[PDB]
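This report concerns only the one structure given below.
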Amino acid sequence: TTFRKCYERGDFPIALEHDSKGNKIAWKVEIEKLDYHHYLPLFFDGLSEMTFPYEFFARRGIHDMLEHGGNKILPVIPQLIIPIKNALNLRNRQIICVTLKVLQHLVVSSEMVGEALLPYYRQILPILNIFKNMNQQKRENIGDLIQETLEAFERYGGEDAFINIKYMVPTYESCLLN
Amino acid sequence: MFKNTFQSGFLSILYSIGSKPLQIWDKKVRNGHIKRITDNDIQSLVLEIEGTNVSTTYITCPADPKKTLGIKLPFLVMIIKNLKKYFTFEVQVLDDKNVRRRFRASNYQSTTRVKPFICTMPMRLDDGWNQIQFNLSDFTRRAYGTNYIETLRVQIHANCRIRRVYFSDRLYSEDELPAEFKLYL
Amino acid sequence: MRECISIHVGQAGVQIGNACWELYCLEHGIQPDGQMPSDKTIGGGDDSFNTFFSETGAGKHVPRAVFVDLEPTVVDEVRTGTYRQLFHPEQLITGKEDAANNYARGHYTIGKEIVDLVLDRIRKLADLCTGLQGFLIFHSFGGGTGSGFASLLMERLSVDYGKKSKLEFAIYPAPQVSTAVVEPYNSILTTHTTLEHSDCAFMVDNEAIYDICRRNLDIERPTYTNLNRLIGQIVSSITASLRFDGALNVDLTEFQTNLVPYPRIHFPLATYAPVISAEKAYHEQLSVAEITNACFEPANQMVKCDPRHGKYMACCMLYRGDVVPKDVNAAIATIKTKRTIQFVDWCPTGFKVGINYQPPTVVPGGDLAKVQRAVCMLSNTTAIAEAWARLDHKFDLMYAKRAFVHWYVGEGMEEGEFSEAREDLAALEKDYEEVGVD
Amino acid sequence: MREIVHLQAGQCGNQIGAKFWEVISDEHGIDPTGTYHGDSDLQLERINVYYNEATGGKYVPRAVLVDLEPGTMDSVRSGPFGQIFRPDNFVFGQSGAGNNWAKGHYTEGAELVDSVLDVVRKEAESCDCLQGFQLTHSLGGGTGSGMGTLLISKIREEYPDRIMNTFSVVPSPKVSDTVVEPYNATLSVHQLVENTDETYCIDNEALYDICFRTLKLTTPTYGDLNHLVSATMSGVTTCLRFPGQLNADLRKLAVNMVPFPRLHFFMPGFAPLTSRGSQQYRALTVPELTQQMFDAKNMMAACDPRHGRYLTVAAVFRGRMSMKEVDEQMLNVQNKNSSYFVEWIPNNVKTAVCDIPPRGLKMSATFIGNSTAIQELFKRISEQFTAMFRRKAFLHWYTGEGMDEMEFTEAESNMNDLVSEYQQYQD
Ligand SMILES: Nc1nc2c(ncn2[C@@H]2O[C@H](COP(=O)(O)OP(=O)(O)OP(=O)(O)O)[C@@H](O)[C@H]2O)c(=O)[nH]1
Ligand SMILES: Nc1nc2c(ncn2[C@@H]2O[C@H](COP(=O)(O)OP(=O)(O)OP(=O)(O)O)[C@@H](O)[C@H]2O)c(=O)[nH]1
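Chains as they are written, first to last, in UniProt numbering: chain A, 54 to 188, 199 to 241; chain B, 1 to 185; chain C, 1 to 438; chain D, 1 to 427.
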């Protein structure tokens, strides 16, 4: 893939910490005054990537700028769209679990997200619609994460959000008035 | 070629005092010459490339066409002495789309031409020892609206008086430059 | 997980790292091709190598050590050597200039433009490595080039990473042998620059290595080959903890903590008892009692300081092979009873034990014997400060007459460095006696 | 029903529990794979105090295994029973301990306590009616101390109604290895006396002496020492799982054993120990069992109570016996030394009678006692703490962690109060 070679070449000053069996990280140059447009989706390609030690960077940094960078995602969303569905087609259980987690954090991160995402469901949803039900130690139940995603989504999405999600998902239920 | 090396710092590709500096520079000699001769102002050996026709005789990088350049830095500086003649040079790069593209700086050029695979630029300048400066991302952004990513080859033509070509990430000032970079007459 | 990163700074460090890494590939049975026989040990880098080598899916071990050089002859020689296919091309970081032994030259002239390079290398290994408990630095106090280079890189690694352990190893200045009379100059520069950031420094001396070699290794004309084999055997013994398992597993952090009582002085000394010729082992016997007595025998240390002039604070015994704890505790109890042994009243307990099951194997083309019980004995005692007294009465006279400081004034540094360093060392001695006294 | 849950904390606790669980599985005849072979009904129906059933008739241990060094539990896994130990149960650690009590007490545990509490409370739900839990670690064991402190502290408040058995091995008086070990031990023992109810006392030097005394086998394994000690703890746990007229409840024992809240430390004793000749040079009778049982030689816990007096004693006796033998034995020993006990409480002997004898031998017994034989230990630790706190050696590490000397002052003060308490009560 392209992001792995991009960093193997090197343009991201990110530091780290580490110990016996667990997790932690650092960085070298701050993100807010570097960029959220020229580097956000390129780094997101690491999500579709699955290889040590690159996935560490992906899984964490994706959260990191989410906490640290709220009022900038506004225009970058169509660029964000692509690696999402690429990883979804990649069809790996662990990868899609990591996705589900980070996408959960994405939607809850800030405002305006669902309303701007209005044009952008018919590509992300239906593959999940079919992922619904193939199947708490470390949050491993695919189906539970799926219903959590739909739950956190629809109420914040808006008004016809649920009806279009329903049109995707014939099981789908209301979390609003039932 | 040497991708494993560090784009950090400065990249002198050719520098005159090198004993045998022509490895990765394929030469195409025709009705011309390559010569290695001192100057009067720097009174130091420099390269001289001349020929009857400039398209016939030209130096290029890399030597193996089956190899790329592999450079990230978007800033280029050449140390040239104008010789009151007809010189040009060429660079080819790979972009955000992964389609190849060329830039053609020609001293004669009477106009500016944009072709889907290559851009052209006239060169006019003073005499004596002067300098070249260019920004790959700048020009690609302005012309093709794409985003510079890496370099793949570079070619230089005749009618030129040569000290050093080098690359840098940014527009560097005049004081961080080493003494050999700090040209004096 | 459980791994570390090594730096081999110096002309002085290249021979020793070369021999060592030979030894490691050897005990692991690593083919000079870069891959194994039909036996199943290759993968993503999770097995005995995984601390040292990084054998990728391509099947090629990547040792986690950076060898830095400034005189290209040696590095190009090893580049033309045997294991170059193993050795990554630019991991063998090479410079094209020489500092002429000058600490100031190697600390201001060359380092700046190469420190970013070595930083890039170490960060691009730090990404791929998992646990990285610390760093194993091979250097020398009188670095014919390594001194200033090591000092500056130590500065930068301290400032960016003040979280992890730092382990330094150096051939100590010979008290009565010196190729250069500016060795005290640059060595004290290095020491005073280290002390405020140096985590754990261990020293060794070549004269006593020679003495051991004609004492019980039956060699009168030694070579760096045997020198390196033995020092590498010491470091191999210490890394066997990571390699194999044992009755208990100890760690470099434990050593750091429990070996030094008080800051500044973090300079204990090694000792390896069971060195003997092959025939001597063949027709003699090894056991914990005599090996303990030997490693406590005054002429069995690589630094010539008399224990009856010293006083004991910290000790650490590591056994490798087949032993039991009964004789261990019995022997150490006998030691505590022994009156010639002089510990400080501060620590009724003053030792750290470690035990590993795995037998010490033998390198082909070595000069050791076929051992069944091995021990590394690491101790800090009061007998050390005589060396620094020696060095200071050496330094003060040559500073009063300030011989050949014009080289230093030409390269552009001043005397305030020496000024501060002299009283810094003096503070170190005064520390030593105020802790020696009860 | 009523059940207990095991905890293996620290690099010892892990290996200890390895020996323990393999031994128990042997005793009840479960194959290492996990498919029990029907041999003993009563054990089959009693096993539910400790094991939980997994489909196919597989009886998972209810032990929570914790440490920070991967190699320990990985080697235990490579052992022949990690297959019956569960991957779910294994919790790993993001640090080399450094054998630093403060590190293992404030920073590393700060992010593990949540998860380990959730796992153990899941286990609590798995069980139905608890008596409490038991723990195995070392007082000097850095990780075990630094974590067990916090975990026991929490479990105390969430379940103030249950018995928190503590089985911490006691280090050698003559060697400690670690030099900050007395600091760590005092730190631990402060909150130890503050929370705990049962505390065990076991010493390596005593084990070595016994090995040379009767084991007579030259070179054992520390694993063989664990063989012995896990045999002892199996014996003390035989009561709950077995029929026969004895009273099993550890609380039934502790109420008898503890006259006062500041009494926590208890000294085991084990019944027949045999050497090569003696297997056929010895017979099996209550008088000789009791004689050997009450011997400072057979004593293995801390040190000889010959300097002091016995306060409470309690023993269980396993096999087919009657009452009269133990009656006459206690009366005998009472009369032989009516001196060496205390007037304060007369008749300080408590006994239990387990019918089901061990596999391999007919007659056995265990004994746990409180006597004035810890005074040497904590006077030693007092003088050690003072000796290396007169000038505060190694203090820079724990300051870097962020502690202060007042903690040490108050802890040693509490320890000295316990010293005075133990001294005054017997004199
Ligand atoms: N570690 C090591 N020490 C050596 C070696 N050969 C000699 N020595 C001793 O260690 C010192 C080597 O240090 P330097 O001469 O400063 O080495 P350098 O600074 O890296 O530069 P060079 O002059 O190329 O050796 C010498 O003074 C010798 O006493 C060697 O190969 N390795
Ligand atoms: N099973 C077993 N335990 C041992 C043996 N030798 C010593 N122990 C002790 O068991 C103690 C307790 O282990 P842990 O509670 O895990 O200690 P820790 O917190 O990891 O820190 P350390 O005490 O430094 O190991 C160790 O400190 C050892 O001193 C042995 O041979 N076998």
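Where is the CB? At the ideal position from N, CA and C, for every residue including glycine.
| Going by the C-beta, is C:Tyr224 closer than 7 Å to any heavy atom of ligand 1? | In the third sequence, counting from the first residue as 1, residue 224 of chain C sits at position 224. Yes, the Cβ of C:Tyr224 comes within 7 Å of a heavy atom of ligand 1.
| task | With a threshold of 16 other CB atoms inside 10 Å of the CB of B:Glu48, please say whether the residue is buried or exposed. | result | Working through the second sequence from its first residue, we reach residue 48 of chain B at position 48. Buried, by the Cβ-count rule.
| query | Near D:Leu130, which residues of its chain fall below 8 Å by C-beta distance, leaving aside the five closest residues on each side in sequence? | reply | Numbered from its first residue, the fourth sequence carries residue 130 of chain D at position 130. These residues qualify, in order along the chain: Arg2, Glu3, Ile4, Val5, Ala124, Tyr159 and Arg162.
| query | ligand 1 heavy atoms versus the CB of C:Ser6: any closer than 7 Å? | reply | Counting from 1 along the third sequence, the entry for residue 6 of chain C is found at position 6. No - ligand 1 has no heavy atom lying nearer than 7 Å to the Cβ of C:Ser6.
| Using a beta-carbon distance cut-off of less than 9 Å, what residues from the region 75 to 88 of chain D approach chain A? | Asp88
| request: Specify the secondary structure class of C:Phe138 as computed by DSSP and reduced to three states. | output: The residue labelled residue 138 of chain C in the question sits at position 138 within the third sequence. Three-state DSSP puts C:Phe138 in a strand.
| request: May I ask which residues mark the beginning and end of the beta strand (DSSP E) holding B:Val77? | output: Numbered from 1 along the second sequence, position 77 holds the residue referred to as residue 77 of chain B. Note, B:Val77: beta strand (DSSP E), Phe75 to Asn82.
| field | Inside the region 125 to 191 of chain D only - alpha helix (DSSP H) runs reaching at least 4 residues | value | 142 to 158
| For ligand 2, is there a heavy atom less than 7 Å away from the beta-carbon of D:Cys201? | Position 201 of the fourth sequence holds residue 201 of chain D. Checking every heavy atom of ligand 2 against the Cβ of D:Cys201, none is found closer than 7 Å.
| request: Figure out for me which residue from D:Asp88, D:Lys19 and D:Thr136 has the closest Cα to the Cα of D:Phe81. | output: Reading the fourth sequence from its first residue, position 81 is the one you call residue 81 of chain D. Nearest of D:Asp88, D:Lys19 and D:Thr136 to D:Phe81, Cα basis: D:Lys19.
| Looking at C-beta atoms only, is the number of pairs between the region 75 to 83 of chain B and the region 154 to 167 of chain B that lie closer than 8 Å three or more? | yes
| request: Give the DSSP-derived three-state secondary structure of C:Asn228 in the structure shown. | output: Within the third sequence, numbered from 1, the residue matching residue 228 of chain C stands at position 228. Here C:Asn228 sits in helix by DSSP.
| Taking the Cβ atom as the reference point for each residue, do D:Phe294 and D:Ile368 lie within a distance shorter than 8 Å? | For the purposes of this step, residue 294 of chain D is taken as residue 294 along the fourth sequence, with counting starting at 1. For the purposes of this step, residue 368 of chain D is taken as residue 368 along the fourth sequence, with counting starting at 1. No. Outside cutoff.
| query | Residues in the region 59 to 91 of chain A with C-beta within 8 Å of chain D's C-beta atoms, listed in sequence order? | reply | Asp72, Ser73, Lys74, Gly75, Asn76 and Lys77
| query | Of all the alpha helix (DSSP H) runs that stay within the bounds of the region 63 to 150 of chain C, which reach a length of 4 or more residues? | reply | 72 to 79 and 111 to 126
| task | May I ask you to list the residues that DSSP assigns as paired with C:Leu318? | result | If you number the third sequence from 1, residue 318 of chain C lands on position 318. Per DSSP, C:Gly354 and C:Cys376.
| said: Please report the straight-line C-alpha distance between C:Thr225 and B:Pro62, rounded to a whole angstrom. | reply: The residue labelled residue 225 of chain C in the question sits at position 225 within the third sequence. The residue labelled residue 62 of chain B in the question sits at position 62 within the second sequence. Their Cα atoms are separated by approximately 44 Å.
| query | Is the distance from the Cβ of D:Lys154 to the Cβ of D:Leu117 below 8 Å? | reply | Residue 154 of chain D sits at position 154 when you count from the first residue of the fourth sequence. Residue 117 of chain D sits at position 117 when you count from the first residue of the fourth sequence. Against a cut-off of 8 Å, the Cβ pair of D:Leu117 and D:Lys154 comes out as a contact.
| By DSSP, does A:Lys125 sit in helix, in strand, or in coil? | Against the first sequence, residue 125 of chain A aligns to sequence position 72. Correct three-state label for A:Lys125: helix.
| task | Report buried or exposed for D:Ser115, applying the criterion of at least 16 other Cβ atoms within 10 angstroms of its Cβ. | result | Against the fourth sequence, residue 115 of chain D aligns to sequence position 115. Under this definition D:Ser115 is an exposed residue.
| request: Quick one: list the residues of chain C neighbouring A:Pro106, beta-carbon separation under 7 Å, in chain order. | output: For this step, residue 106 of chain A is matched to residue 53 along the first sequence. Simply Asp127 and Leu128.
| Roughly how many whole angstroms lie between the Cα atoms of C:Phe202 and C:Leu167? | As a position in the third sequence, residue 202 of chain C is number 202, starting the count at 1. As a position in the third sequence, residue 167 of chain C is number 167, starting the count at 1. The alpha-carbon atoms of C:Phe202 and C:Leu167 are separated by roughly 8 Å.
| Which two residues bound the contiguous beta strand (DSSP E) that contains D:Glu328? | Numbered from its first residue, the fourth sequence carries residue 328 of chain D at position 328. Not the beta strand (DSSP E): D:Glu328 falls in the alpha helix (DSSP H), residues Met323 to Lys336.
| Which one or two residues does DSSP pair with B:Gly128 in a beta bridge? | To locate residue 128 of chain B, count along the second sequence from 1; it is residue 128. B:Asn82, per the DSSP bridge assignment.
| said: Starting from D:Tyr59, trace the alpha helix (DSSP H) in both directions and tell me its first and last residue. | reply: Within the fourth sequence, numbered from 1, the residue matching residue 59 of chain D stands at position 59. Run containing D:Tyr59: none in the alpha helix (DSSP H); it sits in the beta strand (DSSP E), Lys58 to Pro61.
| task | Given a cut-off of 8 Å, decide if D:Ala301 and D:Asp209 are closer than it, judged by their beta-carbon atoms. | result | Against the fourth sequence, residue 209 of chain D aligns to sequence position 209. Against the fourth sequence, residue 301 of chain D aligns to sequence position 301. Cβ atoms of D:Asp209 and D:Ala301: not closer than 8 Å.
| message | Just to confirm, is the Cβ distance from D:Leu135 to D:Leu7 under 8 Å? | response | The residue labelled residue 135 of chain D in the question sits at position 135 within the fourth sequence. The residue labelled residue 7 of chain D in the question sits at position 7 within the fourth sequence. Contact: yes.
| Within chain C, the residues that D:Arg213 reaches when beta carbons sit closer than 9 Å | To locate residue 213 of chain D, count along the fourth sequence from 1; it is residue 213. Per Cβ cutoff of 9 Å: no residues; D:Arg213 is ~13 Å from chain C at best.
| said: Cβ closer than 7 Å: which chain D residues qualify as neighbours of C:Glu254? | reply: Against the third sequence, residue 254 of chain C aligns to sequence position 254. Under the 7 Å cutoff, chain D gives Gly98 and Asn99.
| field | Collapsed DSSP secondary structure at C:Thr381 in the structure displayed | value | Position 381 of the third sequence, counted from the first residue, corresponds to residue 381 of chain C. Of the three classes helix, strand and coil, the one that applies to C:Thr381 here is strand, per DSSP.
| query | Do the region 160 to 173 of chain B and the region 128 to 144 of chain C meet, that is, are 3 or more Cβ pairs less than 8 Å apart? | reply | no
| said: Quick check for students: name the residue ranges of the beta strand (DSSP E) that lie wholly in the region 31 to 57 of chain D, counting only runs of 3 or more. | reply: 51 to 54
| task | Identify the contact partners of B:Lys72 in chain A, using a Cβ-Cβ distance below 9 Å as the criterion. | result | One-based indexing of the second sequence puts residue 72 of chain B at position 72. The contacting residues are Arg62, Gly63 and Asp64.
| request: Output, in chain order, the set of chain C residues within a Cβ distance shorter than 7 Å of B:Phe6. | output: Within the second sequence, residue 6 of chain B is the residue found at index 6, counting from 1. By Cβ distance, chain C contributes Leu117 and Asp120.
| message | Count Cβ pairs between the region 175 to 195 of chain C and the region 395 to 404 of chain C that sit closer than 8 Å; are there 3 or more? | response | yes
| request: Look at B:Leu11 and B:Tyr166 and say whether their C-beta atoms are less than 8 Å apart. | output: Your numbering for residue 11 of chain B matches position 11 in the second sequence. Your numbering for residue 166 of chain B matches position 166 in the second sequence. Yes, they are a contact pair.
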